[PDB]
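Take a look at the letters that make up each chain.
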Number of protein chains: 2
Amino acid sequence: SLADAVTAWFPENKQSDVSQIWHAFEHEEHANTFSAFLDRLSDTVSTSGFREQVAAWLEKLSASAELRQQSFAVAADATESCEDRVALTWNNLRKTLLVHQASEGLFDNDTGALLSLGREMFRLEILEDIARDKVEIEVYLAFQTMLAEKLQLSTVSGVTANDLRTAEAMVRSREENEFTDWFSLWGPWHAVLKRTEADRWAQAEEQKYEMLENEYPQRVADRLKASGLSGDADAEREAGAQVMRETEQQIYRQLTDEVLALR
Amino acid sequence: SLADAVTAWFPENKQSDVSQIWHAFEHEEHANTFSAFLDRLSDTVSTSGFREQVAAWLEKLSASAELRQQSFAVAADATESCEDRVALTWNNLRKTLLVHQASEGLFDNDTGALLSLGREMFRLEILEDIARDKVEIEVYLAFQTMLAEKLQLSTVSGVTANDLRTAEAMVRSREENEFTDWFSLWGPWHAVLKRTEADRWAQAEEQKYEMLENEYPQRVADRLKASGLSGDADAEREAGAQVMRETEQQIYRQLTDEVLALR
């Protein structure tokens, strides 16, 4: 609780009576979250005299009910934002799991499940783009929650009820347009390819060797010749990396199209 | 510790032996921080069956030393980022304090201290702009730490040692260029003005009344006439808000210049 998170900033003598005071605010708004902030502020010892500065500050919140009203809400905003990052990290942990499970061989001959899980990860990525423009990413967290049943996601408050109608319709649309292409460049999917079709994996990796020595240096040069930027790597590298991305997008799209027919 | 943060996700029967297993990882890298994540993940009950999903996931980290290596580091990245937000929130709390202290009358005839504290807040704002372009804002946290003695701040790892030489020289420069103007629009400074020079405060607020009815509607119209955008509020409001910002920047700059001579 709050009475204990505040008291841990004071010396032994003042410990008991400061604890006595702060028990009158226990059930104020944000009192739940502000107490968490003090504990998460307590970790940064990487110090002598700073705890004395915080205690002096904490004493001032005892006096004013308005200053404490603000400070509780500002710290609540950080905690509300922290719990959002926490909710996102869980998606990144599941992104890690899939990479490992696939390389372990869980999906070896279960392509239906990986393909389905890939769709779930793709829709989340497209929800990130739906937030990155509205211009606070707790809106992405809001979209994910509501569309969990409608778009099949295993992870009013925010925006309008009709805003969900647009995003969903744009997810269904972009899934049709990309997915297959994006899935071809997916980590966990590459993990299954090195395990299952090792022979065909040696096919695609040799085509990169072939394309990087032969076509790459020429097809960058003539792109740079057409644009009129033969000089400074800001033009050379920026274009060169795109050729690599597009040669990859091509080769891997072909390969995925080959092995999904075999199922 | 970690042995207890993991075990809290399991039923009574499995509680004891799961706790027994996880005591072998206590002193792995990031083990300190991953244990905090599980506790901060434990708060989001806003559920039945989810704890069973996490426990099933936690069981898989017991098996693989590599999957656990990753998952510990990914959760550590979130925690490292969370402690950064925590370090920033403390600056916002001190921003709240000043507003209150000034309205309380702590600075009433102590303008030297508020002016000095304003400089500290201004330099932090300019450090935010020094980060918003480098393109992860833990770099701002890095700048603040190192320049705390050099720029007088009361709150290698990151970037180059010579990068500090640029930023500082640009702080000294922008302080000279703005500050006085920025301080004129500062909250805590407005708080002292309503208390001290209440008579002169009635002077500036009536000039806004005068400028909003008289000059504003005309000076927006002829700016919009010159640009050729007489229509759609995307042109009207965008320009109108600038006139308000500039009339304010003017009036308040004059006022601050008046009362600082009186000291």
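The rules behind these values
- Residues numbered from 1 in each chain as written, not as in the entry; some residues may be left out.
- Chains lettered and ligands numbered in written order.
- Heavy atoms only, no water.
- Helix = DSSP H or I, 4+ residues; strand = E, 2+ residues; numbered from the N terminus.
- Buried < 20%, exposed > 50% of the residue type's maximum accessible area, 1.4 Å probe, protein only.
- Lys, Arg positive; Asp, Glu negative; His and termini not counted.
- Salt bridge = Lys/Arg side-chain N within 4 Å of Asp/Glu carboxyl O.
- Contact = heavy atoms within 4.5 Å.
- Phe/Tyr/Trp six-rings, centres within 6.5 Å; stacked < 30°, edge-to-face > 60°.
- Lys NZ or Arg CZ within 6 Å of the ring centre and 35° of its normal.

- This entry lists X-ray crystallography as its structure determination method and reports a resolution of 3.20 Å.

## What about the side chain of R40 of chain B?
Part 1 of the reasoning: Residue placement: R40 of chain B occurs in helix α3 (residues 31–41).
Part 2 of the reasoning: No salt bridge is formed by the buried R40 of chain B, whose closest oppositely charged neighbour, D43 of chain B, lies at an N-O distance of 6.9 Å.
Part 3 of the reasoning: Residues within four places of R40 of chain B in sequence aside, it is in contact with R40, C82 and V86 of chain A together with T79 and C82 of chain B.

## Let's talk about the packing of aromatic side chains
Part 1 of the reasoning: Applying the stated rule across the entire model yields 30 aromatic pairs over all chains.
Part 2 of the reasoning: Look at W90 of chain A and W57 of chain B: their rings are 5.1 Å apart centre to centre, the planes differ by 80°, and that puts the pair in the edge-to-face class. Note that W90 of chain A is positioned in helix α5 (residues 65–104) and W57 of chain B in helix α4 (residues 50–63), a pairing that runs across two chains.
Part 3 of the reasoning: For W57 of chain B, a relative accessible area of 4% puts it in the buried group.
Part 4 of the reasoning: Look at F34 of chain B and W57 of chain B: their rings are 6.1 Å apart centre to centre, the planes differ by 40°, and that puts the pair in the tilted class. In terms of burial, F34 of chain B and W57 of chain B fall into one category: buried.
Part 5 of the reasoning: One aromatic cluster is present, formed by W22, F25, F34, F37, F50, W57 and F72 of chain A together with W90 of chain B through successive ring pairs.
Part 6 of the reasoning: Against the face of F25 of chain A rests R68 of chain A, its NZ or CZ located 3.7 Å from the ring centre.

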